[PDB]
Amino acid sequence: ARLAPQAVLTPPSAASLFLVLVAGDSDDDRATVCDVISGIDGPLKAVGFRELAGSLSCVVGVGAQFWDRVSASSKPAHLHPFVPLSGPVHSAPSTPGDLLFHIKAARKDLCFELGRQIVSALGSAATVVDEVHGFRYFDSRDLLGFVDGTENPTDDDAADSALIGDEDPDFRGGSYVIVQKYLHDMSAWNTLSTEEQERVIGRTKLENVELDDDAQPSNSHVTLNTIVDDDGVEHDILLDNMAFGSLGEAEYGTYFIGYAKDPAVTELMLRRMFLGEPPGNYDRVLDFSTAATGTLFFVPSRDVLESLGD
């Protein structure tokens, strides 16, 4: 899918930009926002076409509160604000955001330029509340040092997991995306042995091999994020996480971004992580990662995006 908005299914990239903005109160602000996002293919090609490879992509997401301001009588079945979670020691807050731009490219400058053109076009109609510059870290590792993104669905399976189909045909081809900006405690993580780290995650560190059943803790990240229903059907999500950080402020981070045809799946994964299964048996990754943001957005198909609102 070359230079087309809402290409949710793009392969991993060397660089990414995650921009979360809050729309202004007024009807003017609301219309400018609609004009920019509905014509997003403009900037996308304006920038992307300058690179022969055409690696630039941009996925627009819209929050529940803003959606109801521009499309009151027509709504995707599962659009609602991020559901906050409160475990005994770790919490997943719900933080503001009306707009997500999830930008990917083979180069930083491409992501920066598109972001620059998008922010410029929005002007005073919206305010950036979160901005993260993602980058590939060695052989697809996260800053905890583990290969990150492995078990992502691909092919037909990626389409099945991520994109709305017959269940909500008015919004077929859309998706739901949840973001959380995680910051790690590197000191504490480094006090663990590699083997203990492998138990937290559920895979070997260097070689990235899944631990067998008999050595795989019931609270391992992989175990808790494996969703099987009563029918025995596996439910998967599509992740585009990227490393980010700042040496001077001592921030080493993982940006979580997960797409699903039904946010119920992602929410369940989160419930199992923060609250545990069985209860209290929570994901130990959370001892070393703290979510600073939590926002859900609806990702409209192109046809629906181009219609807003107008």
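Numbers follow the displayed sequence, beginning with 1.
Annotation for 83 to 91 versus 97 to 105: the higher mean temperature factor (C-alpha) is found in 83 to 91. Higher mean CA temperature factor between 186 to 194 and 152 to 160: 152 to 160, per the PDB entry. Highest CA B-factor among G42, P278, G253, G54, as stated in the entry: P278. The PDB entry gives the largest Cα B-factor of the residues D130, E113, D240, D214 to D214. Ranked by Cα temperature factor within the chain, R199 sits in the middle third according to the deposited record. Annotation for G294: C-alpha temperature factor in the lowest third relative to the rest of the modelled chain, per the entry. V70: CA B factor in the highest third of modelled residues in this chain (values from the PDB entry).
Per the deposited record, the Cα B-factor of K181 falls in the lowest third when ranked against the other modelled residues of its chain.
Among the modelled residues of the chain, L21 sits in the middle third by CA temperature factor in this PDB entry.
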